[PDB]
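I have placed the structure first, in the form of structure tokens, so that the comments after it can refer back to it.
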Amino acid sequence: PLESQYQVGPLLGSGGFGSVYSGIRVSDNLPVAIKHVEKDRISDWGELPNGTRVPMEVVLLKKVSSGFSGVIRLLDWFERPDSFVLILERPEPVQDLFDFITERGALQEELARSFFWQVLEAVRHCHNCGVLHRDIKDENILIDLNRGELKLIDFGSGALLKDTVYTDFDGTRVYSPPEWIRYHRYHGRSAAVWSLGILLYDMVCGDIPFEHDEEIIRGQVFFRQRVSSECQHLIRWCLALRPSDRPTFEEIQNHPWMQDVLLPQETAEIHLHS
Ligand SMILES: O=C1Nc2ccccc2/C1=N/c1ccc(O)cc1
């Protein structure tokens with residue numbers, strides 16, 4: 001074991017998730033991402049299936065780990081004196097969705113449809129594995145530019161999926177639902193759908209719709225870019241004020257705006273010039 005297995009590269013990013021570097025598994029020259037999280041900054045702790053103290057983030061990552069490429073895969077992890085290090089897979093080339101939108105502005109709907117659709121599949125796999133992400137946003141989605149495949153990252157605000165009410169939340173406030181802002185209460189699925197509405201608006205308009213608490217609770221959507229009525233309808237549906245008025249995942253994916261999605265490789269060929 002140890003750090004004789006990986007070769008540390010350049011720092012890729014840092015924030016409330018920790019510090020993530022580009023790395024390479026020395027044994028087979030595999031692209032990886034090495035994430036460092038400080039023990040003092042870990043508020044949410046969980047217990048591993050076998051029974052050990054590790055970040056909830058690790059527990060969640062293991063539960064969503066499969067051959068399905070829609071969620072980042074945890075290849076290994078290590079416990080250090082005052083930190084945990086997570087070895088995650090790393091697509092190359094890659095660009096996260098926030099940077100992609102920052103550079104390209106509002107996305108054409110065919111592209112938003114392919115991206116949104118893949119996020120939905122990804123979120124669904126999480127929930128099917130009994131994991132709630134709680135921080136769906138553009139900064140937490142990676143685009144494998146060659147394959148046109150999206151990957152959901154950063155499970156550091158997540159939790160075990162449950163049917164009961166959540167009274168805690170440390171995700172992004174501007175993607176958080178009116179029921180959280182006003183009452184510090186939300187249910188997993190409907191909160192997720194609310195953030196998915198914020199993400200879709202972000203994709204087709206080039207920016208989030210709400211910046212202030214006042215705006216979230218009002219829930220009034222103004223489209224700053226030209227967006228089809230079908231797309232506006234689905235966004236509006238995802239951003240319903242009453243959680244029970246929001247669509248299920250099945251309803252979102254059955255929506256008329258979501259029909260005839262491009263396959264990922266097709267998406268890369270048309271829009272990511274691959
Ligand atoms: O895997 C990654 N490749 C990248 C390339 C550029 C910028 C960020 C990243 C990654 N970040 C991660 C952050 C939290 C995770 O749980 C997993 C990956």
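So you can find residues: chains in the structure tokens are A, B, ... in the order shown, residues in each start at 1, and ligands are numbered from 1 in order.
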
Could you tell me, counting only C-alpha atoms and all ligand atoms, which protein and nucleic acid residues lie no more than 7 Å from ligand 1, written as a ChimeraX atom specification?
-> /A:12-13,17,20,22,32-33,35,72,88-91,94-96,153-155

Using N, CA, C and O atoms, can you export the residues from the last selection as a PDB file, in the first residue's frame?
```pdb
ATOM      1  N   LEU A  12      -6.114  20.021  -9.282  1.00  0.00           N
ATOM      2  CA  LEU A  12      -7.231  20.249 -10.192  1.00  0.00           C
ATOM      3  C   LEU A  12      -8.273  21.234  -9.649  1.00  0.00           C
ATOM      4  O   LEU A  12      -8.897  21.958 -10.423  1.00  0.00           O
ATOM      5  N   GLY A  13      -8.470  21.252  -8.332  1.00  0.00           N
ATOM      6  CA  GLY A  13      -9.415  22.169  -7.699  1.00  0.00           C
ATOM      7  C   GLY A  13      -9.432  22.105  -6.176  1.00  0.00           C
ATOM      8  O   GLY A  13      -8.855  21.196  -5.566  1.00  0.00           O
ATOM      9  N   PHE A  17     -15.079  20.740  -0.666  1.00  0.00           N
ATOM     10  CA  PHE A  17     -14.930  19.294  -0.864  1.00  0.00           C
ATOM     11  C   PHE A  17     -13.520  18.811  -0.529  1.00  0.00           C
ATOM     12  O   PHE A  17     -13.286  17.620  -0.416  1.00  0.00           O
ATOM     13  N   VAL A  20      -8.289  18.378  -4.688  1.00  0.00           N
ATOM     14  CA  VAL A  20      -8.247  17.274  -5.632  1.00  0.00           C
ATOM     15  C   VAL A  20      -7.124  17.477  -6.625  1.00  0.00           C
ATOM     16  O   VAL A  20      -7.077  18.504  -7.271  1.00  0.00           O
ATOM     17  N   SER A  22      -4.656  15.789  -9.908  1.00  0.00           N
ATOM     18  CA  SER A  22      -4.625  14.856 -11.021  1.00  0.00           C
ATOM     19  C   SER A  22      -3.537  13.875 -10.644  1.00  0.00           C
ATOM     20  O   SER A  22      -2.540  14.259 -10.080  1.00  0.00           O
ATOM     21  N   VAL A  32      -6.101   8.966 -12.654  1.00  0.00           N
ATOM     22  CA  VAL A  32      -6.929   9.026 -11.445  1.00  0.00           C
ATOM     23  C   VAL A  32      -6.995  10.451 -10.878  1.00  0.00           C
ATOM     24  O   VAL A  32      -6.245  11.330 -11.295  1.00  0.00           O
ATOM     25  N   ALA A  33      -7.912  10.670  -9.939  1.00  0.00           N
ATOM     26  CA  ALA A  33      -8.028  11.938  -9.216  1.00  0.00           C
ATOM     27  C   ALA A  33      -7.823  11.600  -7.728  1.00  0.00           C
ATOM     28  O   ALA A  33      -8.464  10.691  -7.189  1.00  0.00           O
ATOM     29  N   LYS A  35      -8.260  12.848  -4.083  1.00  0.00           N
ATOM     30  CA  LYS A  35      -8.978  13.811  -3.244  1.00  0.00           C
ATOM     31  C   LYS A  35      -8.556  13.706  -1.771  1.00  0.00           C
ATOM     32  O   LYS A  35      -8.573  12.620  -1.178  1.00  0.00           O
ATOM     33  N   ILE A  72     -19.036   8.892 -10.612  1.00  0.00           N
ATOM     34  CA  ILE A  72     -17.614   8.725 -10.433  1.00  0.00           C
ATOM     35  C   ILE A  72     -17.397   7.472  -9.627  1.00  0.00           C
ATOM     36  O   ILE A  72     -18.172   7.166  -8.730  1.00  0.00           O
ATOM     37  N   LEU A  88     -10.058   8.442  -7.085  1.00  0.00           N
ATOM     38  CA  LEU A  88     -11.241   8.396  -7.927  1.00  0.00           C
ATOM     39  C   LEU A  88     -10.845   8.264  -9.375  1.00  0.00           C
ATOM     40  O   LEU A  88      -9.732   8.583  -9.746  1.00  0.00           O
ATOM     41  N   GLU A  89     -11.745   7.766 -10.209  1.00  0.00           N
ATOM     42  CA  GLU A  89     -11.400   7.620 -11.616  1.00  0.00           C
ATOM     43  C   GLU A  89     -11.309   9.014 -12.235  1.00  0.00           C
ATOM     44  O   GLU A  89     -11.854   9.964 -11.704  1.00  0.00           O
ATOM     45  N   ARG A  90     -10.557   9.142 -13.318  1.00  0.00           N
ATOM     46  CA  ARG A  90     -10.415  10.436 -13.966  1.00  0.00           C
ATOM     47  C   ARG A  90     -10.484  10.331 -15.489  1.00  0.00           C
ATOM     48  O   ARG A  90      -9.540   9.863 -16.130  1.00  0.00           O
ATOM     49  N   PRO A  91     -11.604  10.760 -16.067  1.00  0.00           N
ATOM     50  CA  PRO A  91     -11.718  10.819 -17.530  1.00  0.00           C
ATOM     51  C   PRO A  91     -10.747  11.882 -18.062  1.00  0.00           C
ATOM     52  O   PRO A  91     -10.460  12.871 -17.378  1.00  0.00           O
ATOM     53  N   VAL A  94     -11.433  15.987 -19.980  1.00  0.00           N
ATOM     54  CA  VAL A  94     -12.632  16.245 -19.208  1.00  0.00           C
ATOM     55  C   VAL A  94     -12.772  17.741 -18.940  1.00  0.00           C
ATOM     56  O   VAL A  94     -11.794  18.484 -18.937  1.00  0.00           O
ATOM     57  N   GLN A  95     -14.008  18.192 -18.794  1.00  0.00           N
ATOM     58  CA  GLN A  95     -14.288  19.554 -18.385  1.00  0.00           C
ATOM     59  C   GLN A  95     -15.580  19.481 -17.573  1.00  0.00           C
ATOM     60  O   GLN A  95     -16.510  18.793 -17.970  1.00  0.00           O
ATOM     61  N   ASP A  96     -15.633  20.150 -16.428  1.00  0.00           N
ATOM     62  CA  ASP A  96     -16.846  20.138 -15.615  1.00  0.00           C
ATOM     63  C   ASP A  96     -17.875  21.077 -16.256  1.00  0.00           C
ATOM     64  O   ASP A  96     -17.511  22.002 -16.985  1.00  0.00           O
ATOM     65  N   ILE A 153     -20.102  13.969  -9.655  1.00  0.00           N
ATOM     66  CA  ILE A 153     -19.044  13.928  -8.645  1.00  0.00           C
ATOM     67  C   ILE A 153     -19.423  14.608  -7.312  1.00  0.00           C
ATOM     68  O   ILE A 153     -20.456  15.262  -7.183  1.00  0.00           O
ATOM     69  N   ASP A 154     -18.529  14.436  -6.343  1.00  0.00           N
ATOM     70  CA  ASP A 154     -18.590  15.052  -5.023  1.00  0.00           C
ATOM     71  C   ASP A 154     -19.785  14.658  -4.166  1.00  0.00           C
ATOM     72  O   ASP A 154     -20.733  15.375  -4.047  1.00  0.00           O
ATOM     73  N   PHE A 155     -19.672  13.537  -3.486  1.00  0.00           N
ATOM     74  CA  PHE A 155     -20.720  13.042  -2.619  1.00  0.00           C
ATOM     75  C   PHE A 155     -20.525  13.484  -1.164  1.00  0.00           C
ATOM     76  O   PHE A 155     -21.065  12.857  -0.235  1.00  0.00           O
TER      77      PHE A 155
END
```

Show which residues sit within 10 Å of segment 135-138 of chain A, as a PyMOL selection string. Count only C-alpha atoms, and ignore same-chain residues fewer than 2 positions away.
-> chain A and resi 96-101+119+123+132-133+140-142+152-158+169-176+191-196+198-200+202-203+207-208

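Across A:2, A:272, A:56, A:262, the tightest approach to residue 76 of chain A is made by A:2 when counting only C-alpha atoms.
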
Contacts of segment 41-49 of chain A at 9 Å (only C-alpha atoms; same-chain gap of 2+ positions) as a ChimeraX atom specification | /A:16,18,37-39,51-60,156-159

Could you pull out the residues in segment 70-241 of chain A that DSSP calls strand (DSSP E) from the backbone, as a ChimeraX atom specification?
-> /A:74-79,83-89,94-96,131-132,141-144,149-152,159-160

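Using only C-alpha atoms, the residues found no farther than 7 Å from segment 211-228 of chain A, other than those of its own chain fewer than 4 positions away, are residues 174, 177, 178, 181, 204, 205, 232, 239 and 241 of chain A.
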
Selection export as an mmCIF file, in the first residue's frame, atoms kept: N, CA and C atoms:
```cif
data_model
loop_
_atom_site.group_PDB
_atom_site.id
_atom_site.type_symbol
_atom_site.label_atom_id
_atom_site.label_comp_id
_atom_site.auth_asym_id
_atom_site.auth_seq_id
_atom_site.Cartn_x
_atom_site.Cartn_y
_atom_site.Cartn_z
ATOM 1 N N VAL A 174 -28.276 28.076 -3.340
ATOM 2 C CA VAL A 174 -28.945 28.538 -4.557
ATOM 3 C C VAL A 174 -29.574 27.399 -5.364
ATOM 4 N N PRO A 177 -34.215 23.964 -2.099
ATOM 5 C CA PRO A 177 -35.633 24.232 -2.329
ATOM 6 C C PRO A 177 -36.297 25.117 -1.314
ATOM 7 N N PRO A 178 -37.418 25.717 -1.709
ATOM 8 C CA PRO A 178 -38.101 26.697 -0.856
ATOM 9 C C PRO A 178 -38.467 26.111 0.495
ATOM 10 N N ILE A 181 -35.382 26.528 2.641
ATOM 11 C CA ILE A 181 -35.155 27.933 2.987
ATOM 12 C C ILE A 181 -36.103 28.409 4.086
ATOM 13 N N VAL A 204 -29.938 25.741 -20.172
ATOM 14 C CA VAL A 204 -30.563 26.429 -21.315
ATOM 15 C C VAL A 204 -30.511 27.959 -21.295
ATOM 16 N N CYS A 205 -30.240 28.556 -20.141
ATOM 17 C CA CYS A 205 -30.152 30.028 -20.019
ATOM 18 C C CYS A 205 -28.738 30.532 -19.737
ATOM 19 N N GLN A 232 -39.469 25.095 -20.996
ATOM 20 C CA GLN A 232 -39.948 26.006 -19.940
ATOM 21 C C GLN A 232 -40.956 25.287 -19.037
ATOM 22 N N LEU A 239 -39.600 23.137 -10.686
ATOM 23 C CA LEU A 239 -39.508 24.206 -9.705
ATOM 24 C C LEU A 239 -40.857 24.544 -9.073
ATOM 25 N N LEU A 241 -43.423 25.078 -6.256
ATOM 26 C CA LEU A 241 -43.217 25.420 -4.849
ATOM 27 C C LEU A 241 -43.559 24.273 -3.894
#
```
